[PDB]
Amino acid sequence: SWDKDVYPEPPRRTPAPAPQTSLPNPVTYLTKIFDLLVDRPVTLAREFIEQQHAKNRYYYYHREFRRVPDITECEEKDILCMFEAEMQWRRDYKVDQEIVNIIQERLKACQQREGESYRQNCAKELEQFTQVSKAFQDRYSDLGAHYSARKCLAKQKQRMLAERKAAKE
Amino acid sequence: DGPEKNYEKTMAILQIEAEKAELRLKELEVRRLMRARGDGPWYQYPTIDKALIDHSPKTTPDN
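Protein sequences, first through last, are from chains d and a. When you line the first sequence up against the authors' numbering, it's residues 4 to 172, in that order. When you line the second sequence up against the authors' numbering, it's residues 127 to 189, in that order.
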């Protein structure tokens, strides 16, 4: 259901069953018992419920907000423009928080899946999380509990002044 | 209701309150200037009415 591009899953490499002993593997019998006593009734119930859902098929939509002029293109006391820009900035802040959440989910999934080789096999995920975390900390950090778009603008201006000072040295 | 109703109501409320704040600052400045100069309709402390002056031949010629 979820876009596999957003949440990448490596191809599943499952070893084939190659028993060498002649003893009856209790795991196989237990799995068959489970599939007979739980899976079948659960699947039948899900089939019934999915039929009922398909009988009454309705839709819900993802609301899309158009881009609005930022706080940079906003007069000193233009309360209307400032309100629009502040709402857009808060929406962007929420979206960036969710982006960081997605990256963290990727990192956790990689850490669990790779088992004992997570340190070497999740370097790419660690790098992606480091990049996103540094970007987020540069943008949304130290603002405080009363953060506003004007405060990010001020922090960005301070950072750009520091960059200019470094470049001129 | 829809999320846009609160949005537009907030915009209207912000416009009204900003106009109120600007008008309050304007009123304070206007009152200060009128009190300092006394060249407006406010703070016009009364003076002697010139209709009381008697412009008639008095007793002494030098008035």
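All residues carry an ideal CB built from backbone N, CA and C; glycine is no exception.
| Query | Result |
| --- | --- |
| Along the chain, where does the alpha helix (DSSP H) containing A157/d start, and where does it finish? | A152 to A170 |
| Quick check: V135/d and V98/d, are their CB atoms within less than 7 Å of each other? | no |
| At a CB-CB cut-off below 7 Å, which residues of chain a make contact with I82/d? | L140, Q141 and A144 |
| Decide yes or no for the touch test of the region 39 to 47 of chain d against the region 143 to 155 of chain d: beta carbon pairs closer than 8 Å, at least 3 of them. | no |
| If we cut at 7 Å on Cβ distances, does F86/d have a partner in chain a? | yes |
| Give the residues of chain d in contact with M137/a, contact being defined as C-beta atoms less than 9 Å apart. | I82, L83, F86 and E87 |
| From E50/d to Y121/d, what does the alpha carbon distance come to, in whole angstroms? | 38 Å |
| Closer than 8 Å is the cut-off here; do at least three beta carbon pairs connect the region 29 to 38 of chain d with the region 54 to 62 of chain d? | no |
| Unbroken alpha helix (DSSP H) runs of length 4 or more, entirely within the region 34 to 61 of chain d: which are they? | 43 to 58 |
| Under the rule that 16 or more other beta-carbon atoms within 10 Å means buried, what is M163/d, buried or exposed? | exposed |
| Kindly indicate which three-state DSSP category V135/d falls into: helix, strand or coil? | helix |
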